[PDB]
Structures are given as structure tokens and as C-alpha cells.
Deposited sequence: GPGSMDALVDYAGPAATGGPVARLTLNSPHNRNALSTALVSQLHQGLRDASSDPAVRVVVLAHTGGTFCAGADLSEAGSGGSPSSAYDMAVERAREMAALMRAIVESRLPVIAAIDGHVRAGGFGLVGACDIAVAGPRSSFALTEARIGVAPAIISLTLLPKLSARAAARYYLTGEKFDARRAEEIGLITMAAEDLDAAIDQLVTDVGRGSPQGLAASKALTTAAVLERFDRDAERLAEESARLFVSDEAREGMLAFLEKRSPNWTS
């Protein structure tokens, strides 16, 4: 297996499928510049092969993805880079299926939201704790707000509560909870692979049109907001309190 993203095509998978595996154990599969570039190239390699009709986005280790790896300039570019990665997944001719069995935090939510189908197993957990450190889930709203129920987005954005796979299915964050992740993915890949390349591309595009319109309207405004919050006084205190394990001064 390669690092930081491994590619396995039809000759290794035994089907009309490419598997892209996140494999960066040193930082719990964080969204570094190198990992992001390697995901763009992997998606391109899959689309270029006429034998591929579907992609699986998988991971090694106990965490699926825990988020990001003057200060204003670096923060605004990090946000734009997250939007461009999500947009590449949404624009693809190929259906993309997430295979989750581990923790999901921060920017990781944006990957889960961008996939067409998502399945999670019994080790999985989810929490939106942005407000507790002085910020907000701005950029990831591009794929979360079209898919979560209204009442669930408002609850979990404001409470920061941790929840499981069953709750994630109920609210629209994932497609299905499964005790046997491998068996569920194998069945979904079999059924999607029955579709023609033209039929799958056109059927996907019907479901993504409204999502791409939201990116056109809101991506730049949300990137600027993300950066303003990152360099603020309350964000500095929030992160400092976390690293020292004390409570923040507003409490």
C-alpha cells in the first residue's frame, strides 16, 4: 500500500471499481497539502479508465479524518482548497461511496457530505465542536446543509454533542449504518456497477445540480468568514484552553 493515498484499480479489486484509501497514520488522516493533491490525482486516474464505473473512498486506522493539518492568508487558502476538493467529488462522472469505520471531526464532515452514498460501521463517531473553540462549521456547510434535516443541523451545530452511526443515518449525514461494513459496500458496488457509464453520469447530475449552484453563490464568502474567525481573539483562547486541558475563559 502507498502513502498518503493508495490507488487500487479493476485488476486488483476484481470488479468495475477503483478504491482510494486514506493512509496518513502520523496525523490521523489529516487534510495536508500533499494528501489533498494525491486525492485530486486519484479521482482523475479513476475517471480516465473506461473499465471503472464507481469509486470507494476508504481509510486505514481508527480515524476516518479529523480535519485540517500572514495567518489570514494561509487560513483563506486552506478554506478555498477544501471547497475545491469537495467540488471535484461532486462534479465527477463517477458515483463516489464513502466507507467509514472510525472517528469523523471538522473538515472530515465535508468529505462525508460530498460523497453520493456513505456507509458507517460500529466503531464510528461524529461531533461538531467548532463553537466550543470559538469558530463555526462554515466551509463544510456547502455539502452538509443540502443533506441534513433542518432540525438536526441546528441542534448539532449549537450543542456540540457526540453521536453514533444509527443517529447519523436518521438525520441524513450518512445513507446507512451497517454492522458488517465490507458486506454492505460489496452489495452496493455490485448494484451500481449494473448501470451504464452514460446512465450513471446523467442520473448523478440530476441530484447534484442544486449543490453546485450553492458553491457558485457561497464558496468565496464562506472562505473569507472561515479566515476571519481563525485569527480572532476568541479562537485564540479556545485553542489555548484545549491544549492545556483547562476550561476557556468565557465559562
ask   = What are the unmodelled segments when the structure is compared with the full deposited sequence, in sequence order?
value = 1-4, 74-84, 267
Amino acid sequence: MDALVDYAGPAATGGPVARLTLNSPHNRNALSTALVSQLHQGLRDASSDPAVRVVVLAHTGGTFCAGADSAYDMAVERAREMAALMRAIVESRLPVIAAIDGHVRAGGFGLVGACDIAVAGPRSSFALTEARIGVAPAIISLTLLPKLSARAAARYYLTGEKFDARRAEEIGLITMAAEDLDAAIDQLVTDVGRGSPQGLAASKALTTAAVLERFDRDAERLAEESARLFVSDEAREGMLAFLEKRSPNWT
From here on, numbers count along this sequence of modelled residues.
task = May I ask you to compare 179-187 and 195-203 by their mean CA B factor in the entry and name the higher one?
result = 179-187
message = Which is higher on mean Cα B factor in this entry, 36-44 or 60-68?
response = 60-68
ask   = Which one of 75, 88, 104, 158 shows the biggest C-alpha B-factor in the PDB entry?
value = 75
key: Out of 93, 147, 132, 166, highest CA B-factor residue   = 132
request  = Taking the values exactly as deposited, rank residue 31 by C-alpha B-factor within its chain and report the matching third: lowest, middle or highest.
outcome  = highest
query = In terms of the chain's CA B-factor thirds, is residue 211 lowest, middle or highest?
reply = middle
request  = State the tercile, meaning the lowest, middle or highest third, of residue 223 with respect to the CA B-factors recorded for its chain.
outcome  = middle
